[PDB]
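Here are the chains, one letter per residue:
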Number of protein chains: 2
Amino acid sequence: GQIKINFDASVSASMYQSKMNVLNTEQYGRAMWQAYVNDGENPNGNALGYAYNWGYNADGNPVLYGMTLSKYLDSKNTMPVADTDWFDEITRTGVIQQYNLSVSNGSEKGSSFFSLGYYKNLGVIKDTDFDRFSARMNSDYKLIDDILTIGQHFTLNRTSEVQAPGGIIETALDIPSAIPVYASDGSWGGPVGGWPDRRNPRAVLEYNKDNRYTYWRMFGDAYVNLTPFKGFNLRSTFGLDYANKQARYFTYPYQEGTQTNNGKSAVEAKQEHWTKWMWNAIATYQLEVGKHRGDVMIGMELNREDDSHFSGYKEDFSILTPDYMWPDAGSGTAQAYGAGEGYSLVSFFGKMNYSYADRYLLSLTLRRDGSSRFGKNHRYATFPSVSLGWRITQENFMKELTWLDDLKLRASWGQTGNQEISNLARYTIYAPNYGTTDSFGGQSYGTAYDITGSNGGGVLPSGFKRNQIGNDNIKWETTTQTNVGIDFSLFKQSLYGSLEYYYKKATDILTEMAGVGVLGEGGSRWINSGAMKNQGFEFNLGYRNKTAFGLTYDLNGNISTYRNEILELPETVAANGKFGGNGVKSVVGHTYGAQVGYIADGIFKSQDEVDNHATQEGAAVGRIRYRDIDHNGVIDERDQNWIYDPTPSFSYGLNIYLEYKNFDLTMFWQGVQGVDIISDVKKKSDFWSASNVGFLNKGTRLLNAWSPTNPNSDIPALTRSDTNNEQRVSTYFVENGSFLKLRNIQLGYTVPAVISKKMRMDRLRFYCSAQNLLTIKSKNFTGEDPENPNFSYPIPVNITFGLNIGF
Amino acid sequence: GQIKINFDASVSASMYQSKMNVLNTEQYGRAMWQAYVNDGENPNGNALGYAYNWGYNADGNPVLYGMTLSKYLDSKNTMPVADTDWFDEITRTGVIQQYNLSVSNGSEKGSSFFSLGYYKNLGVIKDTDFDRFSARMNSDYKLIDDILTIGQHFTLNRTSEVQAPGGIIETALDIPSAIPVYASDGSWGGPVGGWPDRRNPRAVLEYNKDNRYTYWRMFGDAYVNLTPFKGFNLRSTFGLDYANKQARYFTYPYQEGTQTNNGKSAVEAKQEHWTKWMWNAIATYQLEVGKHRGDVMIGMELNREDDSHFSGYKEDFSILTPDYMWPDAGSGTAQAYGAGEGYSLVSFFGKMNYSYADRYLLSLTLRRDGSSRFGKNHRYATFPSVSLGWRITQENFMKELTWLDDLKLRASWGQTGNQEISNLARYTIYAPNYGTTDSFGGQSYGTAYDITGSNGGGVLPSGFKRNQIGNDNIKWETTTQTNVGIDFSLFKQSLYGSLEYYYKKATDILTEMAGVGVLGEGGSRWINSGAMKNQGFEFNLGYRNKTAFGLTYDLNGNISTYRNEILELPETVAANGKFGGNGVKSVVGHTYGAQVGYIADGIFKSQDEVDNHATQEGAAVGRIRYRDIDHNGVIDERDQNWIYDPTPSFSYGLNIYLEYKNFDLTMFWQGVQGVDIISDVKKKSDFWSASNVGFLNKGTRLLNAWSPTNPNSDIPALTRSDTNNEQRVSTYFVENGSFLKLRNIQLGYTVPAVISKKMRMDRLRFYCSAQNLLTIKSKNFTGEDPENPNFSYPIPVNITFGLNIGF
Ligand SMILES: [Mg+2]
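- Method of structure determination, per the deposited record: X-ray crystallography was used for this entry, reaching 3.100 Å resolution.

## What to know about the overall build of chain A
Now for step 1: In terms of helices and strands, chain A carries 8 helices and 37 strands.
Now for step 2: Each of the three principal axes of chain A carries a C-alpha extent, and together these read 100 × 70 × 70 Å.
Now for step 3: The long-range fraction of contacts in chain A, counting pairs at least 24 apart against all pairs at least 6 apart in sequence, stands at 66%.

## Some points on the coordination of the magnesium ion
Now for step 1: For the magnesium ion, the full set of protein donor atoms is B:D628 (OD) and B:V634 (O), at a range of 2.1 to 2.8 Å.
Now for step 2: Exposure remark for B:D628: the relative accessible area of 16% places this residue in the buried category.

## Regarding the relation of the copies chain A and chain B
Relating the two copies of this chain is a rotation about some axis coupled with a shift parallel to it.
Now for step 1: Overlay of chain A on chain B (RMSD 0.5 Å): rotation 180°, translation along the axis 0.2 Å. In symmetry terms, the pair is related by a two-fold rotation axis. Across chain A, the smallest distance between a C-alpha and the rotation axis is recorded for A:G457, namely 1.9 Å.
Now for step 2: By residue overlap, the copies meet face to face through one surface: 98% of the interface positions of chain A are interface positions in chain B.

## Let's talk about helix α4 (residues 201-208) of chain B
All names here are of chain B.
Now for step 1: The complete set of buried residues in α4 reads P201, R202, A203, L205 and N208.
Now for step 2: Of the surrounding elements, those touching the buried residues of α4 are α2 (86-89), β10 (148-162) and α3 (168-172).
Now for step 3: Two or three places before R202, at the start of α4, stands the capping residue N200, its side-chain oxygen 2.8 Å from that residue's backbone nitrogen.

## Describing the interface of chain A and chain B
Now for step 1: Each partner contributes residues to the interface: chain A has 66 residues there, and chain B has 66 residues.
Now for step 2: Together, the buried faces of chain A and chain B total about 5300 Å²; carbon and sulfur atoms form 71% of this surface.
Now for step 3: Three residues stand out in chain A for area buried against chain B, namely A:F114, A:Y141 and A:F310, and they jointly supply 12% of the buried area on that side.
Now for step 4: Seen at the junction of chain A and chain B, the total is 0 salt bridges.
Now for step 5: Counted by class, the side of chain A that touches chain B contains 34 nonpolar, 26 polar and 6 charged residues.

## Topic: the pairing of strand β37 (residues 797-805) of chain A
All names here are of chain A.
Now for step 1: Pairing geometry for strand β1 (residues 2-15) and β37, over 9 bridges, is antiparallel. Note that in β37 the partner of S12 across the bridge is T800.
Now for step 2: Looking at chain direction, strand β35 (residues 764-771) and β37 are connected through 8 bridges and run antiparallel. Looking at the pairing, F766 lines up with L803 of β37.

## Digging into helix α1 (residues 25-38) of chain A
Residue and element names in this part refer to chain A.
Now for step 1: Taking 1.5 Å as the rise per residue, α1 with 14 residues should run 20 Å; its terminal C-alpha atoms sit 20 Å apart, in good agreement.
Now for step 2: Within α1, 11 of the 14 residues are buried, which leaves it mostly tucked inside the rest of the structure.
Now for step 3: Regarding α1, the residues found buried are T25, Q27, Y28, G29, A31, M32, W33, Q34, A35, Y36 and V37.
Now for step 4: Residues of α1 that are buried sit in contact with β2 (51-56) and β3 (62-68).
Now for step 5: Following α1 by one or two positions, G40 adopts a phi angle in the positive range, close to 75°.

## Focus: the side chain of A:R199
All names here are of chain A.
Now for step 1: Mapped onto the fold, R199 is located in the loop between α3 (168-173) and α4 (201-206).
Now for step 2: Reaching out from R199, the side chain makes a polar contact with the side chain of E256 at a distance of 2.7 Å.
Now for step 3: When residues no more than four places from it in sequence are discounted, the contact partners of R199 are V204, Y207, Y254, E256 and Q259.

## Section: the pattern of salt bridges
Residues and elements named next belong to chain A.
Now for step 1: Overall, the coordinates contain 65 salt bridges over all chains when judged by the stated rule.
Now for step 2: Notably, a salt bridge pairs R202 with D127, separated by 2.4 Å at the nearest N-O pair. Taken together, the residues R202 in helix α4 and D127 in the loop between β5 (110-122) and β6 (129-144) connect sequence positions 75 residues apart.
Now for step 3: Residue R202 is classed as buried on the basis of its relative accessible area of 11%.
Now for step 4: Among the ionic pairs, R638 bridges to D636, the shortest N-O distance being 2.7 Å.
Now for step 5: By sharing partners, the salt bridges in this structure join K741, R743, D785 and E787 into a single network.

Rules and cut-offs
- Residues numbered from 1 in each chain as written, not as in the entry; some residues may be left out.
- Chains lettered and ligands numbered in written order.
- Part of a larger assembly, values for the part shown.
- Heavy atoms only, no water.
- Residues with missing side-chain atoms left out of burial classes, pairs and counts.
- Helix = DSSP H or I, 4+ residues; strand = E, 2+ residues; numbered from the N terminus.
- Contact = heavy atoms within 4.5 Å.
- Donors = N, O, S within 2.8 Å, 3.2 Å for Na, K, Ca; no water.
- Buried < 20%, exposed > 50% of the residue type's maximum accessible area, 1.4 Å probe, protein only.
- Least-squares fit on C-alpha atoms.
- Polar contact = N/O pair within 3.5 Å; in protein donor to acceptor, adjacent residues only side chain to side chain.
- Buried area = accessible area lost by both parts, 1.4 Å probe.
- Salt bridge = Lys/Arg side-chain N within 4 Å of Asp/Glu carboxyl O.
- Nonpolar A, V, L, I, M, F, W, Y, C, P; charged D, E, K, R; others polar.
- Pairing = 2+ DSSP bridges.
- Expected span 1.5 Å × (residues − 1).

The structure is reproduced here in structure tokens:
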């Protein structure tokens, strides 16, 4: 009948634009010397030396005059000295290209659709990539001209990626720049001696580059819709969603500096399989009697997911290439892994819809849902909802205004469930875990022991081990929610918007609860722990017009606000600070995620302020001074109060569309103001010893720590050990996370239809676009991303060129 | 738009209706007894007991008077004696159901298609099933009216089977009927003591019943067709065909009489992937200048297949249920398995077509194919073809004969490549087989030894084992086929048919040739071994008509005939047998498969026959007597001649269609005439001792084998040892397999269009059918399936009810 064709294509370059700055290899020594002399041991007896000619100023203080490092890091000259930018070393400009062609055909009789597309992505991490092919094929048929439709949706995907390893950027930022990339032969460089037991990340990436998965996913449905007469039709649909991931991971042997493997080669070939199917059947009747309108609907839907996975492991390979490293060619020992899980949900439902004329509307809904995840004392759970509005501008007493285009007054109340918890929540789980599986520094937890004292060479006797305690009285998390709002439109639909207010109250919150310590192994269980309150207001306001000199504009902002309150909690649960006041104060009556901690009042600027302040264990000159809230003249542990609050003062957003002379400009600003933010990145940027591993690289800012020669710095001095417990929960780690993000900007040129039609087109538009271009942040923030405080690096900046084609 | 709906359904009961009859537990004793007295030893010393009270018949010939066994076959009363119809026990009435719905809308802008089929098979072996779901969803789209159409094809399968284990039936037939299905406590029956080392089939079917694979395959293409002006269109098309098998195989402990697993539990988690993709481009121009008509096409096509598989095996499970037995839950030791293979083909090709207005016709074709399978020196081969035809009834001198409607004279000469060999056929392959895989009676060939003498307890040294020697000059198998034929039609399209003659010449036949013994391990290689020849005539003759009384009838006749001969082999190959000749005579000049053996002129009825005969190492009274082809007085290894040739004298086939008064009866007959077939079932049916396993259970026609109390019988006497070498290659095992078979027969009733239209149908038909319902034997044949001589059972007889609906 009518055939539509749409083509789209993009390229997008993608760049990290900022990161936590870390020590130069030059400054890494300045930082150490300063730490050593602050603590009064000879700076020249360091394990990494780094030889200094320092001394004192006529003032008694120490002064650094100069540094020398001896070309190689060892007395054998295997590892030359470098000044590596480990971030720039494992980082690329990312590049994205994608195209998509889609074509639809709608006769009346039926209508089909077809779609191909491709996306490819050079990661911003080196030796990483990702690609995806999609095909979509949808269609329907009218078997009996207004009585039997039959139809199908289908989508087919194939993905292939080499993923970046578990936090490598994090591991690039704390590998001192003194380490080189390459050793002196040309090997992969790496630590030597007492430098930190961190492996070369550029090398990690290479050793990873052949670990690629391949993922296929089929998902769609078929449906019949039968209309037995007038305004009543029934219809079932059936759907599946099958996915499949296969990959091989390679262990290759490495011996870079002190990082050895000693000579381990292995292969793991793993398989994963997810199979979800679903089936509903739905009948609807609707009427229409002059000033009377009604919908009623009734139906049910089954779901069922069964997923499952397994794996084959073999060590020792005579050729170190992915062509040879298949389990068949392995010589050494082997392991086999795999399990599976699943659940099924069943749901029955109905909806009521009624309207008088077009002024007063009413709607009721009722569902009963049941979940595999529960007993059967609590399998099912019924949820009701009622909502009703009043189109006021249809009241005839209103009418006279006439500029007031529309005005409703909505009010809803309903309940909804949550059973999104582990598939084996209710069970006491005992695993036979024999210990066939990697760990770190021990913690097999393996239940297999050489009882005979033979030292092994054989199969040991195995056991069972508890993974979880059950909860055979575990029930749904019901959430009760109550909305009321006012929709408005004005001046010939040029000023549109809304104002609503919500109150959400959740009951029998589902969480997984770490068990008390003396309970021992697998003390965690899934429990319901009480209630939480959430409520606030929303505002939407759009203004779309078009000035005399031909400039279409459409603005549409949003502003929000909400207060959160933890209501009840089991004493144990309030005691152990999970919701959660750090175990020093309960949270009931405060906010989900509120934290109690010590409060840091700058630092001690001479020996007098230390005596003129409570007996503080490790209080010295230059250390952090924590106020006393005892007001008993000692610090101890009762000292603290509430110091962190996650809830923002309000969050806002504003979307800008413009069109002028075929040019086409759009923006989207989001932001939040007045928000507390707590983070650990300072522990790596303000201290030389606020970590558990020695001599890792540190942030750039502790270069400006307090010292004799440099005071009135907020930042404590530099020591070789955390004697003052600086890494206790304090306000040192709470900063201001107010910001204003420019999510997206996109400028477009659309070629005039008068001549885009000359080439058998219709729409022909080019555009340029950026994502996360810029953020506007508080002065009080140490750095990086305010809405991801925990990360030492920001999000990557995209910049895109692209076109659309119309036909 | 024109919408067509199609529904087809079928149910279908499957039944065995014959099998080789084996011994009653009553007879088994009679057969053992006869062999015992025959060789002259006390039949009461049987290891299976079985006590007889026999004697002599007033002629000096032994007579059986009676048998008895005990309640139990053992001095422990665990295995009671039975008369187990073992075939009947593992055999079922199979059952099939399938439906198929399909729907197709055809608009002039484009057409689409949708199909949903389901098929389920209860196998005729117990504890085996099979089911398949399919969704097809094709379509196309006219983007520019008859200039630029775009299209797709998609198909999606999901099979799930449990496959009967290899040779279950062939195990059910050599298990003695005395062994009970159940032991006397209700566990599983099995052998005990001297009875043969062979497990209860019914129990093997149980232990197999959860070894279930879940296969998913999806294949299709997308294409574009660009037709610029008229007669010239470019087409490229891309297609893929991806599939996935996964199963778990469960090994559970068993102890059944003298049949122990030693309490083994294991689980293998297999996984296979098969991925093919195909791309081509095809240009086609075609011309039509009045009398003349042309078609030239040109284009290329690349194919690539990569497949792979891997496997995780684990032992020892505290719960013997498929729900417990995942690799994770295992406790004993683990193996990991897997590898991959792949190939690619490139193909270029052109085509010519031409004629003067359906009178004289010419077509040339040329293609040049390439295969990764070969070395670079013979990657590509070129293949010409030319054919030409002459519709001679279009001639202006033949209008006289008016009965004659049509007559064409076709004639072809072509070449065609064969390339289907092992992916790695060109290579010398060295596997690093360590020995991580199952075997029977050893013969791991594991290349892993305990060089230190420690008896193991850890990971042993390993090596490499040659798997095959490579060619570095292997090449294509060409086939030069040439045909000539006559297509005719007489008496107003009522007496139709063809007669053609063909000549096929293969050159450099591609086979896998095993090495000679003294080369030992590896040895095997793929080579080209000379040429073979095939020529024949084919003939078809139909007769369609409709009598005066409303009976249409259509009789398709068909009668093949052909001869086969090898022309040229390498010296070492003609000698080693392989293609015939058994190592005793070269085949060069005889039919592929021709065999050479001793020739068996019946059996000796008295010592006069033994003595006036020729010297025959182990001749006796009752034995087979082999003739003295040599004419030298002795019977040795020079004594055989050609005794087997598999070309029939002529094959034939016949179809019968009969319409009458809305009924629709059809039949299909196939048949071969005048063939030798050679088998091996006679070793199981005619001899007590011609196997390598003890006792076993044997055919029923060793129950009229020769004895003094029963002479004039073709079947040798029973002995306890094959001292005469009866199982030498003899004509005792060649029979006549000339058969005739009713493939299919089907009665249908089509509800008259004029009433199937009043209710929306169009075609409405029911039918009942039968597959392999009967077979004509030619009584000189000992039994079962003459066109499957090597089997002990036939194909099952299918009976099927079904409907067809078209709207
Ligand atoms: Mg002889």
